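# Observations on chain architecture
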Amino acid sequence: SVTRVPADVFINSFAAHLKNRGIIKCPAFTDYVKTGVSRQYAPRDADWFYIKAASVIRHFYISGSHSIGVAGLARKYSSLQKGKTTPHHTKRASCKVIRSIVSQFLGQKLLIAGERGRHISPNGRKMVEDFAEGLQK
Amino acid sequence: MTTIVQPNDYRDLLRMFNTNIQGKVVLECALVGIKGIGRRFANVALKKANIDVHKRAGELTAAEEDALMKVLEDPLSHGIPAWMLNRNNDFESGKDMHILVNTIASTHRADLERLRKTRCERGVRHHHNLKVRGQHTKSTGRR
Amino acid sequence: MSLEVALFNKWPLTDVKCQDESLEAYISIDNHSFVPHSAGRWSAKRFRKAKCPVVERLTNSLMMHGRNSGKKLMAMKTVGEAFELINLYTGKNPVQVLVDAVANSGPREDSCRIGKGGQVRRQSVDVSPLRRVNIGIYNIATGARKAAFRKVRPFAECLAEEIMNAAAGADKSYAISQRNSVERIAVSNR
Amino acid sequence: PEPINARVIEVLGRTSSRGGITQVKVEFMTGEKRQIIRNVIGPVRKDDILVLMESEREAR
Amino acid sequence: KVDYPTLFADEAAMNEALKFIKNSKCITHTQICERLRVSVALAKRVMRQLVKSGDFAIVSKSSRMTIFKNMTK
Amino acid sequence: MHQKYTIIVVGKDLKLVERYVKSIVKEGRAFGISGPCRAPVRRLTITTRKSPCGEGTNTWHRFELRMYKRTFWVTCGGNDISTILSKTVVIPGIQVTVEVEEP
Amino acid sequence: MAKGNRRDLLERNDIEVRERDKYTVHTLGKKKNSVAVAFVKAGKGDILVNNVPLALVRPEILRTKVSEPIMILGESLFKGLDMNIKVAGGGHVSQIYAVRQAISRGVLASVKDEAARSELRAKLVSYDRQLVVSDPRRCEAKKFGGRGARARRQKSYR
RNA sequence: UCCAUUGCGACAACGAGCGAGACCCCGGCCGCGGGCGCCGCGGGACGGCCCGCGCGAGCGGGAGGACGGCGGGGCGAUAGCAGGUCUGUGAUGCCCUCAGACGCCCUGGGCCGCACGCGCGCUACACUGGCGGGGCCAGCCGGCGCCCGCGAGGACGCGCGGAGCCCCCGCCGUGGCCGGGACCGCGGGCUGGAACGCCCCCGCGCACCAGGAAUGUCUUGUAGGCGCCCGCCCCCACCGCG
C-alpha cells in the first residue's frame, strides 16, 4: 500500500502527475499570499500548491472511514510565531487554500462528504494505490 | 541559477533611485536597499514583470530594468492589490499610491505640520520627544 | 566474531587496542554497538563510566553549551562526518586515531593547594587515569568548539583536525598546549 | 628523568585540605618493588597504574 | 571586512579553480570557499558540474554537508 | 416492564462508595444484573497562599476534592417502575451518597 | 493524542475479529509514557509498526537500534514468525525502545523449550539488559519555590 | 555507632511520655475481580542471603531481583519575636466622623505621569544557525462542521476531539548580512454603555560581537533546552501553580 513507500517520493511524484493531468490548477490569489499568520515570507517554489494537494489527499487516505474537517487539517500545517520579544506561541495555518483544494478534489468525485467533514471515496483509493504501486518499482 | 560566469553585460554596481546596488546579491534582497521597498513588495513586483527572482542582480539586463520602473509608478494597474501599499486612503485626494525615496521624507514632514497647527496630543509630544503610543516611560529607557 | 559491530556499518572494532597500559583498562572498545547511542544510566556508581564506549563519551561532550543541550542525533551525525574525513586523509581506521589522541592528551601531573602557609604553597601531585581520559575528551571538544565559533568553517572539520593533530603529538593543537601548560606550572611547584 | 609507571596496592585515606587528595602506596613493577607513598588527585582504586615523573620523591 | 564574489568573472573559472580542485583528493564547499576566496554557492554549482563530468564522487551526503573524493587520481 | 433504567451514585469518600456498591450488587442480582463502571476520578484542585497578608516565604496550600462516581445501568428492561424502588429502599441509607435514576 | 492504557489498545481491536484470533502470543514494552503491544503468530518473517514496516521507521538513525535483536539472535526465528506491533505514547525515541523491548520479549515467548529460552536470555541480556527489563525512571514533580523540580528562584540578599 | 536524644553498653538513679520514626498521597512489578471510560481489593523489600570485620548496635563488597539500603510530597515538638496583617469578615477594646457626612449613589481624572539609582524575569548577540516546503510522535487533559475573508475575525448548524524541539530536501554564505526586532507613518477588526486596551497587513528598520569590580542555583529522567494547560479575567500573560 501507500504506507509501504516513504512519504517523500510519493508526494512529489504524485504532484507532478496531478499537475500534468489537469486535475487541479493554482488560482490567481496564489501569486501573493503566505500559508499562515505564523509564517513571514512567501514560498520560494512556484509549485507549492500541488505539494499541498498531494499531502492532503494522502492524509485523507490514511484516516479512511474517519472524517476530517478543514481546520483539523490546518492544525497539521501549523508553525511558530517569532519576532515579538515575547515567548513564542504556536499558531494555526490558513484555511482558504485548503478549502479550495478540497472543493477541487470533490468536484472530481475523488472525495466524498458525510454527516460532518469529508472522507475518501473508493475511486480515490483506486487511483492513489495504483499510482503508489506504479512507483513502487 | 546555473549562472557561473559573469555575463558579457554584467554590471558590477547598479544605481537607481539615487541609491546604489551591488551585483553579487540576489535580486529581491538588493532592492530592499531602497527605502520604500521590502521583501514582500519586491517579489510581487518582479513576478508581474516576468523577471527571475533567484538571480544575481548583476545579470539584470536594462530591458528588464525599465519594465520594472514602469510597475513601481503605476502598480495598481498591473494587478497588485491595495492592502499591499504604503499609503492607503491619502488624507487629501483619498486615493492609494506607493511612495518611494524622497517622497517619504517630504510626506513625513508635512503630517507633523498638519499635526502641529491642529493642536493634538501627538504633535506636542513629538516636539519634546516622548513615547507616542502608550508604552510606559519612567522605568527603564534610561542612560 | 559472528556479529562484528562495525561502527556506523563501515569500520570494524577488532584490531583496536590501546598502547599505553596505564589507561588501557579505562577505555572500552569491545562494546560499541553500531550507534553511539545508549540510554544506559551510567554515572550512577563511582567507576561505572569506565565501561562506557569511548565514542559515546565523546558525543556526550559535544552538546555542552546551553544552546545545544539535549541534542544527541546531531552529535552522532557530526562524529560520522569526522570519521569519514579522517579515513580519507590518513587512510587508516579513525578509532585508533581517537584512542591515540585521548592517550597523548591528558596530563600526567598537576598542582593543588595543600601546603597552606597563607599563600599558594601548591604541591605537585600525580593524576589518576580516569581523570586523564576525561580531561582529554574535554579538551578535544573545547578546542574544536572555540575554532568553529564565528568562523565560516563547520564544527566537524575542526573536530577532525584537532583529533589528527593531537594523535600526531603535534603542539599546534589546543589539547597538547593545555597539557604542556599544566605540566610546567606543576613541575615549577614540585 | 624518564617517567616510569607504578602500580597501586594500598590506599590510605584522604587529606583535610578540602578532601581532594588521597594518599597512595605504589610499587615499581619494573623490578624494584619499592613500596613508597605519594599524593594523588582524582578517583583511584586498587591495581591502577599510575605514571610517575620522579623516581625519587616522597610524601608524608 | 573581506569580500568575496558570487559570480566568476569569465576565464577565472577554468584558469585556476577547475585546475586547483582537480589536484585535490578530498574537498568540501567550505574548504574551497576559504581556499580560493569565493563564496560557498559558487562552490555548490561547480561541484555539481564536476560530479556530472565524473572526476569527483560522493562518499557522504547531507543537507548540512557533503564531501567528495577525487576519482581521477 | 422495560425502561432501560440507569443508576448513578456519587461520593467524595472512597469507603462508603464501595460499601454502597456491594449492597446494591447484592440486592440487584435478581432484578436483572448490576455490574459497575468505575469512572476516572474528577479531582478538584485549588492552590492558595498560606498567608492572609503576603509576608515571608511564598508558601502555598494544596487542597483537592476527589469525587468518585459509579454507574449501574444494568437494570435496563430488567426492572419495572416499582421494582427499582424495592432494592433502593432495601440498600442501606448512608447519610451522604447522591443517587439519581434515569431511563 | 493516544494514552497507552486505553482498552482499545491493549486488546488491539484494530485487527478484525476473525484475524484477531490467529494471534497466539501477546507482549508488552514500555519506556516513559510509551507503551507497545505486540501480537505474534506464525508466518514467514514480516514485521509491522503502526502499519509500517521496520525498514521505514522515521528517526532513521536508530533503525539499527530496532533491528538489533535480529542481528543478535539471528534471522532464523523471525523468518519463522510474523508480527504486528502497535505503540502509543510520548516521544519518538521512547517508542523506539519500547518497540525493541516488545520484539525481544515476544520472540522469547514463542519458544516453548524453557532451556532454550534461558539460553537466549543469557545470550541477549549480556549485550544489553534494557532489552528485557523495563527502565523504571520516570518524570518527577515540581515544587513551588521555583520553576523546576530541584532548581530554585534566584535570591537577592541586598 | 546513627541523617537523627537512632541505638548498644554502663552509671544515685529507677520508671514513663512528646518530638524522630511509625503514619497518609503519588509512582514503579505481580495477582484477583469488575469493566461505557482502566479502576477497586491485595501481594511484594526486610540490612533478608553470601563473604569480611565488630562482644554489640552496626559498617565494606557481591548477588538475585521491577525496585537495595531515608524514591518525591503532606503533617509537623517546648519556648519564643513588641516579625506581618485593625484595608479579608456580623473578629474586636479605646479614640475620630456622623446631615455642606470619612455613610451611600452618580460624571469625569488619577493610581500608568519621568533629567535619575536597583530587584525578579523575557528577547538576542548567530552556521552546533535563519528562511521556505514536507514527514511525524505527548501529558495535566481535551469540541466540532460548512461557507465568506490574504489574515485577524464573521454568518449559519451540529455533538465531536491533541505540539514544539527533532528528522528529510533546498536557499543564504561571515557582511550590524536574509542575525535582532525597539521606534514611527498610512489602513482593517474584537471587547465593551464607553478605548486610552488587544489582534492582523504594507513600509521604516534602535541598542547588541558573549559582557568590570561583584554574585546566585544545581547530583537521574536531575541541570539545561522545547512547548502545552489552569488561576485571576468584558479584552489581554514576558507572572504564578502545574
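Conventions and cut-offs
Residues numbered from 1 in each chain as written, not as in the entry; some residues may be left out. Chains lettered and ligands numbered in written order. Part of a larger assembly, values for the part shown. Heavy atoms only, no water. Residues with missing side-chain atoms left out of burial classes, pairs and counts. Helix = DSSP H or I, 4+ residues; strand = E, 2+ residues; numbered from the N terminus. Rg over C-alpha atoms; globule rule 2.2 N^0.38 Å. Near = heavy atom within 4 Å. Polar contact = N/O pair within 3.5 Å; in protein donor to acceptor, adjacent residues only side chain to side chain. Nonpolar A, V, L, I, M, F, W, Y, C, P; charged D, E, K, R; others polar. Buried < 20%, exposed > 50% of the residue type's maximum accessible area, 1.4 Å probe, protein only. Pairing = 2+ DSSP bridges. Patch = residues over 30% accessible without salt bridge, like charges linked within 9 Å, V, L, I, M, F, W, Y side chains within 5 Å. Areas by Shrake-Rupley, 256 points an atom, 1.4 Å probe, with all protein chains shown as cover. Salt bridge = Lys/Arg side-chain N within 4 Å of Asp/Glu carboxyl O. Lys, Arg positive; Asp, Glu negative; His and termini not counted. Charge placed at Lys NZ, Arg CZ, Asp CG, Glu CD. Axes fitted to C-alpha atoms, helices over the stretch in contact; angles between N-to-C directions. Left-handed = near helix turned anticlockwise from the far one by under 90°. Contact = heavy atoms within 4.5 Å. Buried area = accessible area lost by both parts, 1.4 Å probe. Expected span 1.5 Å × (residues − 1). Disulfide = S-S within 2.5 Å. Core = buried A, V, L, I, M, F, W, Y, C linked by side-chain atoms within 4.5 Å.

## Some details on the overall build of chain F
Secondary structure assignment for chain F yields two helices and four strands. Counted from the first residue to the last, chain F has its helices and strands arranged as β-α-β-β-α-β. Relative to the 2.2 N^0.38 estimate, which gives 13 Å for 103 residues, the radius of gyration of chain F is 19 Å and therefore markedly larger than a compact globule would have. With respect to the three principal axes, the spread of C-alpha positions in chain F is 65 × 20 × 20 Å.

## Let's talk about the protein's contact with RNA strand H
The local shell around RNA strand H holds 158 residues, among which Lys52 and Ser78 of chain A, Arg133 of chain B together with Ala2 and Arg58 of chain G are the closest. Between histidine 126 of chain B and RNA strand H, the recorded distance is 3.1 Å, taken from a side-chain N or O atom to a phosphate oxygen. Between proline 36 of chain F and RNA strand H, the recorded distance is 3.3 Å, taken from a backbone N or O atom to a sugar or linking oxygen. A per-element tally of the surface near RNA strand H places strand β3 (residues 60-76) of chain F first, with seven residues. Of the residues contributing to the surface near RNA strand H, the split by class is 48 nonpolar, 45 polar and 65 charged.

## Brief notes about the pairing of strand β1 (residues 5-11) of chain F
Residues and elements named next belong to chain F. Across the seven residues that make up β1, a large majority, five, are buried. Where β1 lies against β3, six bridges are found, and the strand directions are antiparallel. The residue of β3 that forms the bridge with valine 9 is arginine 70. As defined by bridge partners, β1 adjoins strand β4 (residues 98-102) across five bridges and the pair is classed as antiparallel.

## Looking at a positive patch on the surface
A surface patch of like charges, here positive, comprises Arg41, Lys45 and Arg48 of chain C together with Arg121 and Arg129 of chain G. One can find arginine 48 of chain C in the segment before α1 (54-59).

## What about the sheet that holds strand β3 (residues 67-70) of chain E?
The three strands lie next to each other as β1-β3-β2 (chain E), forming an open sheet whose pairing is antiparallel. The open sheet has two edge strands, β1 (26-27) and β2 (56-60) of chain E, and neither has a second partner.

## Topic: the packing of helix α2 (residues 29-36) of chain E against helix α3 (residues 40-53) of chain E
Residues and elements named next belong to chain E. Between α2 and α3, the shortest axis-to-axis distance is 9 Å and the interhelical angle comes to 120°. The handedness of the crossing between α2 and α3 is right-handed. Counted together, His29, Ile32 and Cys33 of α2 and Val40, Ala43 and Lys44 of α3 form the full contact between these two elements. Residue composition of the contact of α2 with α3, grouped by class: four nonpolar, one polar and one charged.

## Focus: the interface of chain G and chain C
On the chain C side, the residues contacting the 12 residues of chain G number 10 residues. Here chain G and chain C share an interface that buries about 1,100 Å² over both sides, 66% of which is from carbon and sulfur atoms. Taken together, chain G and chain C are joined by zero salt bridges. On inspection of chain G and its partner chain C, the count reaches three residue pairs in polar contact. For the side of chain G that touches chain C, the elements supplying multiple residues, two or more each, are α3 (63-73) and α5 (92-110) of chain G. Counting residues per element, the side of chain G that touches chain C draws most heavily on α3 of chain G, at four residues. Residues that form the side of chain G that touches chain C fall into these classes: seven nonpolar, two polar and three charged.

## Here we look at the sheet that holds strand β1 (residues 27-31) of chain G
Residues and elements named next belong to chain G. Overall, antiparallel pairing links the three strands, which are arranged β1-β2-β3 in an open sheet. Here the strands that pair on one side only, and so sit at the sheet edges, are β1 and β3 (81-88). The mean angle between the axes of side-by-side strands here comes to 20°, regardless of whether they run parallel or antiparallel. Across eight bridges, strand β2 (residues 34-42) lies against β3 in antiparallel orientation. Along β3, the bridge assignment pairs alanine 42 with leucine 81. Where α5 meets the sheet, its contacts fall on β1, β2 and β3, and the angle it forms with β1 comes to roughly 150°.

## What to know about the interface of chain D and chain C
Counting from both sides, the interface comprises 21 residues of chain D and, opposite them, 21 residues of chain C. Taking both sides of the interface into account, the surface hidden between chain D and chain C amounts to around 2,000 Å²; carbon and sulfur atoms contribute 54%. Considering only the side of chain D, the residues that lose the most area to chain C are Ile41, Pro43 and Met53 of chain D, jointly responsible for 29% of the buried surface there. Remark: the boundary between chain D and chain C carries two salt bridges. Notably, a salt bridge pairs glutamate 54 of chain D with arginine 190 of chain C, separated by 2.6 Å at the nearest N-O pair. Connecting chain D to chain C are nine residue pairs in polar contact. At the level of elements, β3 (35-41) and β4 (49-52) of chain D are the ones that each hand at least two residues to the side of chain D that touches chain C. The residue inventory of the side of chain D that touches chain C, partitioned by class, reads 10 nonpolar, four polar and seven charged. Here strand β2 (residues 122-127) of chain C runs beside β3 of chain D; their pairing, made up of two bridges, is parallel. Residue pairing in the sheet places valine 127 of chain C in a bridge with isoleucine 41 of chain D of β3 of chain D.

## A word on helix α5 (residues 122-136) of chain A
Over its 15 residues, α5 of chain A runs 21 Å from end to end, which matches the ideal 21 Å to within 8%, given 1.5 Å per residue. Here the buried face of α5 of chain A lies against α1 (7-20), α2 (48-63) and β4 (119-120) of chain A.

## Side note on a nonpolar patch on the surface
Together, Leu44, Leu65 and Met67 of chain F make up an exposed nonpolar region whose accessible area comes to about 220 Å². For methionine 67 of chain F, the position within the fold is in strand β3.

## Some thoughts on the state of the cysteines
When the sulfur atoms of two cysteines share a covalent bond, that bond is a disulfide. One pass over the full model with this rule turns up zero disulfides over all chains. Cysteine 18 of chain C takes part in no disulfide bond, and the closest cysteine sulfur, belonging to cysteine 52 of chain C, lies 17 Å away. Summary of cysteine pairing: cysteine 37 of chain F is not part of a disulfide, and the nearest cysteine sulfur, belonging to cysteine 76 of chain F, is at 13 Å.

## Examining unusual backbone geometry
Trans is the prevailing form of peptide bonds, just as negative phi is the prevailing case for residues other than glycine. Residues and elements named next belong to chain B. Non-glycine residue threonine 2 carries a positive phi angle of around 60°. Tracing the backbone shows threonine 2 in the segment before β1 (13-16). Its identity is not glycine, yet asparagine 102 carries a phi of approximately 70°, on the positive side. As for its position among the elements, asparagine 102 is in the loop between β4 (96-97) and α4 (103-118).

## Some details on the nonpolar core
A general tendency of soluble globular proteins is for nonpolar side chains to be buried together. The biggest cluster of nonpolar side chains holds 38 residues, and the ones touching the most others in it are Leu62, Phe83 and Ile86 of chain C. If you list the elements that add at least two residues to this core, you get α1, α2 (73-89), α3 (94-104), α4 (129-148), α5 (155-167) and α6 (174-187) of chain C. Among the elements that take part in this core, α3 of chain C stands out by supplying seven residues, more than any other. In contact with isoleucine 86 of chain C, not counting residues within four places along its chain, are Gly91, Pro94, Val97, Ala160, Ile163 and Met164 of chain C. In terms of nonpolar packing, the next biggest core, distinct from the first, is built from 33 residues, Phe14, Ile23, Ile57 and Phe131 of chain A among them.

## Let's talk about the pairing of β3 of chain E
Residues and elements named next belong to chain E. Here two bridges tie β1 to β3, and the two strands are oriented antiparallel to one another. Across the sheet, the residue bridging to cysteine 26 is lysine 69, located in β3. Where β2 folds back on β3, the antiparallel hairpin that results is connected by six residues.

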